[PDB]
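Chemist: Mind looking over this structure? Questions follow.
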Amino acid sequence: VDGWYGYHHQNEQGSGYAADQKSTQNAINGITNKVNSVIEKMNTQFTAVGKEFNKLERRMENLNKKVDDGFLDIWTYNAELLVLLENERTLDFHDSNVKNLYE
Amino acid sequence: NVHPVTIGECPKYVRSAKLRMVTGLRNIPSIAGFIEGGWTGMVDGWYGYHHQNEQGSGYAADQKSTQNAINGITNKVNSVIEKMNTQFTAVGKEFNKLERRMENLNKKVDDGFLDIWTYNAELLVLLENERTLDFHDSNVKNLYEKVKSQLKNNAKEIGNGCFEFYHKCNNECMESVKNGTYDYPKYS
Amino acid sequence: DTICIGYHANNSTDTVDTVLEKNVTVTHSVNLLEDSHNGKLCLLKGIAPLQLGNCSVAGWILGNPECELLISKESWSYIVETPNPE
Amino acid sequence: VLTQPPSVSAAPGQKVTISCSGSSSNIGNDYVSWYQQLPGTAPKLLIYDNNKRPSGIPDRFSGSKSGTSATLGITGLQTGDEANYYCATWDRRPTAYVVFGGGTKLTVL
Amino acid sequence: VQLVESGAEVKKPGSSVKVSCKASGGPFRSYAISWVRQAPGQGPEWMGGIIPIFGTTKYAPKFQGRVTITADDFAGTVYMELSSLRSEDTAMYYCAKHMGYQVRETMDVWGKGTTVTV
Amino acid sequence: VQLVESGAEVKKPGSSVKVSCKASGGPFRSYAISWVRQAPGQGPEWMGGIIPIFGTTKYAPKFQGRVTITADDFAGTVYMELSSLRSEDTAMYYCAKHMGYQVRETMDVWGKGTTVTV
Ligand SMILES: *[C@@H]1O[C@H](CO)[C@@H](O)[C@H](O)[C@H]1NC(C)=O
Ligand SMILES: *[C@@H]1O[C@H](CO)[C@@H](O)[C@H](O)[C@H]1NC(C)=O
Ligand SMILES: *[C@@H]1O[C@H](CO)[C@@H](O)[C@H](O)[C@H]1NC(C)=O
């Protein structure tokens, strides 16, 4: 319960579980760095409200709508792709850590 | 990152303050193998051997694996350069006092494009930097395994990246182990 | 009688950044960002620009009495204006 | 340096061998390459790795090296095979550098 | 791969001349680049070469001290500067490429060449 | 790394008080965070700590039952709530950080501290 990787030992005086404090620390360091980098790469939104147009200004309204929709599409794609791609690397990282400890 | 407004053949403008791409290895200046650290005495390549026998000792570089590493790194850098196109003439516009909505729309478009391109550049550099180092580590491991899969029982692995021969072999044996053509039956 | 496998090291002090790590010293690297200029207006492939000076676009195109010297110039590569023309 | 005969000549369709005798430092411990130079053009690589030929080189060109001396052999001589020929190697002892041969003029009859 | 040199030069004794070689393809190369020269009625002479990535430069003992070879990678150009010109420096210069990243005796691609007269 | 506590409080017996500690740097930390208190003329007393990622919380037998430690990670804040205040709870409180992710006896960074009077 006290870590991510560890040992189980059994000898004449008894048996029990223990956690490797050394490798868990590097794993935590890497994961924390990754999450902080992901948070930092995205900036906060400021005030952004809409505009108004009269009946003889339909082309400007359509251009405004096009710009808004395009930016929204691009940012949704970016966020989803980033999450999907990092999720696999995390699991590969954990597997490599366990294999390195065994070796 | 000098100015958004440019005339001629110019690089792309970003808000970043640092964009550096690694092409070499980790700098770990530590005779033992690769498990302890790097060798400052090996200068002509990225990976190599250190040999010690009755006639002397010395360093040498593996010309074969360094060539593939250089090929891959050069291809990666060229691809990164090619995926980004040069900026052409791009200057601003002017509006009068009754045209504030058009000015705000122009500013919004400019800011959005700048944000997107800054994000793209930074993410690309950050993601390629890790793959380069993993590539180098895999190359070193492959060289070690290729050498280990050629001596079999005629040598002892002492666990630091070095092999100790059970038989005695001169410079020709070393030059044959570093060659890929080593006669196991001859020294059995 | 002994053979060892190893890699390269030098005395470089350049550092790169990674998703999992920061501030990592490496042996070789390249810089992709430019942040310097010379601070002067200079020719563009052998063609000089048009400098207005005190004048604006309206004064240059209307024939302001203080913009006479601009009359003789009829080719340019770009136009340079002053932040607050008079 | 690498020494070659200054001039060798033979009839068309014959076989010609061009030699070159260096020392144990230049040829006796390194590979030899053979280049051809036509008048008004840059030298063209003929043989490398002491027996290998690049793509586009005909089979009638061959090379070998015994001990200290290397040999370039040409068969099926034509009128267009009259040019200068140079042997080059990678000398390495005090300060390594590329060394070219003296050159040999091949005249056809 | 094509290598293109700069134009011809006419210099005075005691002056210096810089020449450039441009290589087709990607800006970054995985092969070394060498400079060779040839006087009329004589044979080729190797001057020096440069190595990719590492950036090491090698020169010849005859030319050591007077020649300087540099490279610019983001434009794919190689520069050679020679100083203290004499009457015997009149020759034709080529830039040549190797198959590998190391400077060796085998060059497979040569340039047209450019003439330097004093 | 700098740790900043909240302001001073004046409470009545039987009430409850919540205090917060903010840590500089990235919102997510790789080290545990503990709370310590000291009465005037006495020595420090350890209250309890919290562990990153896992989220485990540990308390002291003296303070078990009355104290609650929570964390908010996306703002980088740690909260401590104490209830059933008495006259002996008047003391100065610090938030301290450990070198590792585990709660141990070695704390290397301390905060300024904030006073709670009853
Ligand atoms: C090394 O390999 C080359 C070619 O693979 C061969 O010609 C040479 O004889 C080998 N050297 C030894 C010492 O076996
Ligand atoms: C250190 O690097 C410098 C070049 O910046 C040069 O003196 C040499 O390559 C290195 N010297 C030592 C003693 O490591
Ligand atoms: C521009 O205006 C300034 C006023 O400070 C004047 O001194 C100058 O002569 C004018 N013309 C030019 C070409 O600068």
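Please note that chains go A, B, ... in the order of the structure tokens, that every chain numbers its residues from 1, and that ligands are numbered from 1 in the order shown.
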Identify, with DSSP run on backbone atoms, the residues in chain C assigned to helix (DSSP H, G or I), and express the list as a PyMOL selection string.
Modeler: chain C and resi 57-62+68-70
Chemist: Using only C-alpha atoms, please write the residues we just selected to a file, as a PDB file, in the first residue's frame.
Modeler:
ATOM      1  CA  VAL C  57       0.693  59.069 -47.062  1.00  0.00           C
ATOM      2  CA  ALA C  58      -1.849  61.867 -47.553  1.00  0.00           C
ATOM      3  CA  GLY C  59       0.840  64.552 -47.629  1.00  0.00           C
ATOM      4  CA  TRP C  60       2.995  62.520 -50.012  1.00  0.00           C
ATOM      5  CA  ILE C  61       0.153  61.783 -52.439  1.00  0.00           C
ATOM      6  CA  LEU C  62      -1.498  65.232 -52.276  1.00  0.00           C
ATOM      7  CA  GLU C  68       8.968  68.279 -52.416  1.00  0.00           C
ATOM      8  CA  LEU C  69      12.021  66.005 -52.204  1.00  0.00           C
ATOM      9  CA  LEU C  70       9.773  62.932 -52.526  1.00  0.00           C
TER      10      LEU C  70
END
Chemist: Taking only C-alpha atoms into account, find every residue of chain A that has an atom no more than 6 Å from chain C, and write it out as an NGL selection string.
Modeler: :A and (30 or 33-34)
Chemist: Residues of chain C that have any atom at most 8 Å from an atom of ligand 3: could you tabulate them with the shortest-distance atom pair and the distance in Å to one decimal, using only C-alpha atoms and all ligand atoms, ordered by chain and increasing number, as a Markdown table?
Modeler:
| residue | atom | partner | partner_atom_place_in_ligand_line | distance |
| --- | --- | --- | --- | --- |
| C:52 | CA | ligand 3 | 13 (C) | 7.5 |
| C:53 | CA | ligand 3 | 13 (C) | 4.6 |
| C:54 | CA | ligand 3 | 1 (C) | 4.2 |
| C:55 | CA | ligand 3 | 1 (C) | 8.0 |
| C:86 | CA | ligand 3 | 2 (O) | 7.4 |
Chemist: Just to be explicit: take each residue in the selection above, keep N, CA and C atoms, and write the result as a PDB file, in the first residue's frame.
Modeler:
ATOM      1  N   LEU C  52       9.492  58.705 -45.929  1.00  0.00           N
ATOM      2  CA  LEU C  52       8.621  59.871 -45.989  1.00  0.00           C
ATOM      3  C   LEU C  52       9.089  61.019 -45.104  1.00  0.00           C
ATOM      4  N   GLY C  53       9.694  60.726 -43.955  1.00  0.00           N
ATOM      5  CA  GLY C  53      10.173  61.771 -43.070  1.00  0.00           C
ATOM      6  C   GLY C  53       9.074  62.413 -42.249  1.00  0.00           C
ATOM      7  N   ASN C  54       8.900  63.728 -42.394  1.00  0.00           N
ATOM      8  CA  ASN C  54       7.805  64.432 -41.737  1.00  0.00           C
ATOM      9  C   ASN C  54       6.444  64.088 -42.321  1.00  0.00           C
ATOM     10  N   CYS C  55       6.396  63.615 -43.561  1.00  0.00           N
ATOM     11  CA  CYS C  55       5.160  63.499 -44.312  1.00  0.00           C
ATOM     12  C   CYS C  55       4.455  62.179 -44.025  1.00  0.00           C
ATOM     13  N   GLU C  86       3.930  64.880 -39.046  1.00  0.00           N
ATOM     14  CA  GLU C  86       3.437  66.220 -38.768  1.00  0.00           C
ATOM     15  C   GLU C  86       2.883  66.950 -39.981  1.00  0.00           C
TER      16      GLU C  86
END
Chemist: Check every protein, DNA and RNA residue against ligand 2, keep those with an atom at most 7 Å away (counting only C-alpha atoms and all ligand atoms), and present them as number ranges by chain.
Modeler: C: 10-12
Chemist: When you look at range 51-54 of chain A with a cut-off of 9 Å (counting only C-alpha atoms), what residues show up, excluding the ones that are within fewer than 4 positions of it in the same chain? I need them as a ChimeraX atom specification.
Modeler: /A:58,60-61,64 /B:101
Chemist: Using only C-alpha atoms and all ligand atoms, find each residue with an atom at most 7 Å away from ligand 1 and format the answer as a PDB file with N, CA, C and O atoms, in the first residue's frame.
Modeler:
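Result written to pocket.pdb:
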ATOM      1  N   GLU B 172      44.891  -9.341 -33.197  1.00  0.00           N
ATOM      2  CA  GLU B 172      44.041  -9.868 -34.259  1.00  0.00           C
ATOM      3  C   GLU B 172      42.692 -10.331 -33.722  1.00  0.00           C
ATOM      4  O   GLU B 172      41.659 -10.109 -34.361  1.00  0.00           O
ATOM      5  N   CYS B 173      42.681 -10.967 -32.548  1.00  0.00           N
ATOM      6  CA  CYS B 173      41.416 -11.362 -31.937  1.00  0.00           C
ATOM      7  C   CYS B 173      40.560 -10.147 -31.600  1.00  0.00           C
ATOM      8  O   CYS B 173      39.341 -10.168 -31.793  1.00  0.00           O
ATOM      9  N   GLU B 175      40.677  -7.152 -33.096  1.00  0.00           N
ATOM     10  CA  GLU B 175      40.235  -6.593 -34.363  1.00  0.00           C
ATOM     11  C   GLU B 175      39.207  -7.468 -35.061  1.00  0.00           C
ATOM     12  O   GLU B 175      38.495  -6.969 -35.935  1.00  0.00           O
ATOM     13  N   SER B 176      39.122  -8.749 -34.706  1.00  0.00           N
ATOM     14  CA  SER B 176      38.089  -9.629 -35.236  1.00  0.00           C
ATOM     15  C   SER B 176      36.800  -9.574 -34.429  1.00  0.00           C
ATOM     16  O   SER B 176      35.714  -9.723 -35.001  1.00  0.00           O
ATOM     17  N   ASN B 179      34.908  -6.659 -35.431  1.00  0.00           N
ATOM     18  CA  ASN B 179      34.792  -6.786 -36.878  1.00  0.00           C
ATOM     19  C   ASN B 179      33.475  -7.448 -37.259  1.00  0.00           C
ATOM     20  O   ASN B 179      32.916  -7.173 -38.324  1.00  0.00           O
ATOM     21  N   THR B 181      33.401 -10.877 -37.323  1.00  0.00           N
ATOM     22  CA  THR B 181      33.838 -12.196 -37.775  1.00  0.00           C
ATOM     23  C   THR B 181      34.806 -12.759 -36.737  1.00  0.00           C
ATOM     24  O   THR B 181      36.017 -12.551 -36.828  1.00  0.00           O
TER      25      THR B 181
END
Chemist: I want to know what sits within 9 Å of range 129-136 of chain B, based on only C-alpha atoms, with residues of the same chain fewer than 6 positions away left out; could you give that as a list in words?
Modeler: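 Near neighbours after the sequence-gap exclusion: residues 20, 21, 22, 23, 24, 25, 26, 69 and 73 of chain B; 16, 17, 18, 19 and 20 of chain C.
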Chemist: So that I have them on file, write out the residues from the current selection with C-alpha atoms, as a compact mmCIF listing (two decimals), in the first residue's frame.
Modeler:
# COMPACT_ATOMS: atom_id res chain seq x y z
CA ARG B 20 16.83 23.88 -28.60
CA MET B 21 17.00 20.42 -30.18
CA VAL B 22 19.31 17.70 -28.88
CA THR B 23 21.35 15.69 -31.38
CA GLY B 24 23.90 13.99 -29.09
CA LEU B 25 23.95 11.96 -25.88
CA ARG B 26 23.58 12.74 -22.20
CA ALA B 69 22.62 7.10 -35.72
CA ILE B 73 19.24 12.24 -36.53
CA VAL C 16 17.60 20.83 -23.24
CA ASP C 17 14.10 20.26 -21.88
CA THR C 18 11.92 17.16 -21.86
CA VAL C 19 8.35 16.33 -20.83
CA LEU C 20 9.67 14.08 -18.03
Chemist: I'd like the neighbourhood of range 56-65 of chain D as a PyMOL selection string, where a residue qualifies if any of its atoms comes within 6 Å (using only C-alpha atoms), though same-chain residues fewer than 6 positions away should be ignored.
Modeler: chain D and resi 50+71-75
Chemist: Those same residues, written as a compact mmCIF listing (two decimals), in the first residue's frame with N, CA and C atoms?
Modeler:
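Below is the file that was written, result_28.txt:
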# COMPACT_ATOMS: atom_id res chain seq x y z
N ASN D 50 39.76 -1.13 -52.47
CA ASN D 50 40.88 -1.88 -53.01
C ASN D 50 40.46 -2.95 -54.01
N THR D 71 47.76 -2.36 -57.84
CA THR D 71 47.71 -2.47 -59.29
C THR D 71 46.28 -2.22 -59.77
N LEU D 72 46.16 -1.43 -60.83
CA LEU D 72 44.89 -1.20 -61.51
C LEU D 72 44.96 -1.80 -62.91
N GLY D 73 44.00 -2.65 -63.23
CA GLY D 73 43.98 -3.35 -64.51
C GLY D 73 42.80 -2.96 -65.35
N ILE D 74 43.07 -2.70 -66.63
CA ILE D 74 42.06 -2.28 -67.60
C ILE D 74 42.16 -3.18 -68.82
N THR D 75 41.02 -3.74 -69.24
CA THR D 75 40.94 -4.60 -70.41
C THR D 75 39.95 -4.00 -71.41
Chemist: Residues near residue 94 in chain B, anyone? I mean within 12 Å using only C-alpha atoms, not counting same-chain ones fewer than 6 positions away, as a list in words.
Modeler: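 Within the cut-off, the hits are residues 100, 102, 103, 104, 106 and 107 of chain B.
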Chemist: By how many Å are CA of residue 33 in chain C and CA of residue 19 in chain B apart?
Modeler: 5.9 Å
Chemist: When you look at range 83-86 of chain A with a cut-off of 10 Å (counting only C-alpha atoms), what residues show up, excluding the ones that are within fewer than 4 positions of it in the same chain? I need them as a PDB file with N, CA and C atoms, in the first residue's frame.
Modeler:
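Once written, part-v3.pdb looks like this:
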ATOM      1  N   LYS A  34       5.379  15.671 -15.899  1.00  0.00           N
ATOM      2  CA  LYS A  34       4.548  15.565 -17.095  1.00  0.00           C
ATOM      3  C   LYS A  34       3.225  16.302 -16.920  1.00  0.00           C
ATOM      4  N   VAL A  35       2.570  16.105 -15.773  1.00  0.00           N
ATOM      5  CA  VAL A  35       1.285  16.761 -15.537  1.00  0.00           C
ATOM      6  C   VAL A  35       1.457  18.274 -15.476  1.00  0.00           C
ATOM      7  N   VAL A  38       1.900  19.634 -18.997  1.00  0.00           N
ATOM      8  CA  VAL A  38       0.630  19.658 -19.717  1.00  0.00           C
ATOM      9  C   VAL A  38      -0.218  20.840 -19.265  1.00  0.00           C
ATOM     10  N   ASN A  78      -6.581  19.407 -30.480  1.00  0.00           N
ATOM     11  CA  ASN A  78      -5.300  19.419 -29.779  1.00  0.00           C
ATOM     12  C   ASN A  78      -5.412  18.758 -28.410  1.00  0.00           C
ATOM     13  N   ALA A  79      -6.427  19.142 -27.630  1.00  0.00           N
ATOM     14  CA  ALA A  79      -6.561  18.603 -26.278  1.00  0.00           C
ATOM     15  C   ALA A  79      -6.766  17.092 -26.301  1.00  0.00           C
ATOM     16  N   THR A  90       2.617   6.803 -20.439  1.00  0.00           N
ATOM     17  CA  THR A  90       2.656   6.589 -18.991  1.00  0.00           C
ATOM     18  C   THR A  90       2.716   5.099 -18.642  1.00  0.00           C
ATOM     19  N   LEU A  91       1.862   4.293 -19.275  1.00  0.00           N
ATOM     20  CA  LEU A  91       1.824   2.865 -18.978  1.00  0.00           C
ATOM     21  C   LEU A  91       3.106   2.170 -19.421  1.00  0.00           C
TER      22      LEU A  91
END
Chemist: Please report, as a list in words, each residue of range 35-82 of chain D to which DSSP assigns strand (DSSP E) when run on this structure's backbone.
Modeler: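 Restricting range 35-82 of chain D to strand (DSSP E) produces residues 35, 36, 37, 44, 45, 46, 47, 61, 62, 63, 64, 65, 66, 69, 70, 71, 72, 73, 74 and 75 of chain D.
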